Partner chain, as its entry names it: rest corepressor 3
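What follows is a single chain, given as structure tokens, in the form deposited without the partner chain.
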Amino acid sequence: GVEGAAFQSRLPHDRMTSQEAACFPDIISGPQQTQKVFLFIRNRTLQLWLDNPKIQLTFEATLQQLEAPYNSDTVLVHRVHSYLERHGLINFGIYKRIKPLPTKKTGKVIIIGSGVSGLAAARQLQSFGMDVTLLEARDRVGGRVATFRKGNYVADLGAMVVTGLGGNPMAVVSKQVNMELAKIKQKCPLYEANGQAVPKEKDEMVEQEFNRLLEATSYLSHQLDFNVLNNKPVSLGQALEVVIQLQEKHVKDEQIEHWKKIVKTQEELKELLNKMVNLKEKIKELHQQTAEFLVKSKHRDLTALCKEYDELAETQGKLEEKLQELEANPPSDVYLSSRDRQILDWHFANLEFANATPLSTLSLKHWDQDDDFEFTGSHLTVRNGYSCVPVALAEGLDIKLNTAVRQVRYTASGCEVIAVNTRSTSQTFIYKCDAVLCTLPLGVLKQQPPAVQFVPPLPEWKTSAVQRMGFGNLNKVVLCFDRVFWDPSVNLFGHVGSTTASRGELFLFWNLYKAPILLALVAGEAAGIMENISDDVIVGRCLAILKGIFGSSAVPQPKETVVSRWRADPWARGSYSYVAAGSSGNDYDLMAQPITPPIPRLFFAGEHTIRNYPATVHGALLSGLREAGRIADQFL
């Protein structure tokens, strides 16, 4: 009940956060009874909002719907409601305001970028009564939430998955926007380059081996401190190669030991056969041989030698048996055959997809630093088209499209943002504001010849973080057919590449859209390179793979096709951040920190500024809410 609202808000139900201790020092330093009352007021307020997030939750309503003991204490209820509303925990997203916004606005903020982070922060600042203007370079909102819509076909070229609802703010948004979320079936048969499926035994064996290898790299990093080598940071790819080499060495060693067991037994057989030949000489000589006493003696001796031979013949058979078993029970010659390595490279490509970067670039120590904060519940696709979310957030906002920022000026007095119209470069716009919120992607901030100049130039710590962090890349190919020729009960199926270098080329296909749309993925080293290929050629290669899997006659020519090129997109310059070898979690926090030339003037939000939820739409959303709170605290 009330316990669940705190979980849905990413908070502990029986504890107080660092932030709450800072804002409510009287309660933390006071008696624990007041703390329990505080926590119930907070949890109950969150439950009221989450039960019905389509309408603003007012202080008055909170008092009206509160329990009898706690509705008496109104000052505490107000303090709690104000705290939650400011930080974007109870009144965020699209909601029906019960009271219109005041005509008088108390501050001027220019927000660069109209992605989820920008739109969320703008909606919050508007909610708080500030004058907000968004500058967006594209001819559309959403940024890295891009939805292709033509005829009946709807497909996401950017963000496409809600990674669980338990604790996800996107849950609330989904109720506000009426997102059509659909579960993804966890079933992905693999098909080799020839088009024949990977049998279950091999699929399962390789997958088990992939998981074992990855856990091994984790052990090296954390237990053995294998993190710095020859004054260079260890990449995940490095560690994977180290682990693979150790396993290959174990195979060679076991094979060698078995070889030696066989040679020793073979040597024993050779020695025994020589011994037997000698005994046959002896027996054949004694056979050639009181005289009746002599006969009795010779026959006695001959039977003794013959029984002596019998013992050795039994032992001959027994050593022959041991040798035969060893000849028929060897260990594997190689750890991974060619086909084994290709299937394993498919799994590596899936990892490169998840992190939108080649594994040789991921920090071994920190590439999965955010795994502790992952959300509960089945992962979901957006059937309505993820663009439905930003478009809903944009309603009622002062958004200037086709306006590309080229300079940001910030001083102790105020700020200037200079922008150019992309449609006609000749006309230029100047916007004077109190504060600037930058949600420019990390790729755009990384641009060596800068697209946006800062006056004064950004400080050393900020620029160093921007250099250190990784900004990955990942691409999609949308194929729209008239009929479904694939298996509807599999949302995913893989294509195993021929080379380790190209393992990430069209390695994955989604058939998750209930309409006849197929989505082919380009991860790792292939992502950057294949942007330089024409769309007809990429689609021909996709068709070739699908023909190989289903029959050349079974796949028609597609009716519609679309290719994303996110690294070339000048407004993205990649897909989303990843934790590069040089970088760590603290760099994300550094991105989030604002700049002061006094009070702070330049603020930062976006996918690359939230430690615990990077590379995600919900992370963008939460960063937007966080910076809205920060700016409202500063200017109100």
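Numbering follows the first chain given and starts at 1.
Keep in mind the form solved in complex with the partner chain is missing from the figure; the text below concerns it.
Heavy atoms within 4.5 Å of the partner chain in the entry with it bound are found in one stretch of 87-95, 431-439, 545-553, 217-225, which is 217-225. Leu246 is the sole member of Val484, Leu401, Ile529, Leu246 with a non-hydrogen atom within 4.5 Å of the partner chain in the entry with it bound. Scanning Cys306, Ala193, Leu181, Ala515 against the partner chain in the entry with it bound with a 4.5 Å heavy atom cut-off leaves one residue, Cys306. Here the marked residues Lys559, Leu625 and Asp633 all miss the partner chain in the entry with it bound; none has a heavy atom within 4.5 angstroms. Contact check for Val277: a non-hydrogen atom falls within 4.5 Å of the partner chain in the entry with it bound.
Within 4.5 Å of some heavy atom of the partner chain in the entry with it bound lies at least one heavy atom of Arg300. In the entry with it bound, at least one heavy atom of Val263 sits within 4.5 Å of a heavy atom of the partner chain. Looking at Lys322, you'd find every heavy atom of it more than 4.5 angstroms from the partner chain in the entry with it bound.
For the partner-free chain shown, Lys252, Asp253, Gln255, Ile256, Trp259, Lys260, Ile262, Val263, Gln266, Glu267, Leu269, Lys270, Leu273 of 251-273 come within 4.5 angstroms of the partner chain in the entry with it bound, judged by any non-hydrogen atom. Relative to the rigid parts that move between this form and the one not shown, the hinge contains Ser338, whereas the other entries in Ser338, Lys264, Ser413, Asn532 stay over 12 positions from any hinge.
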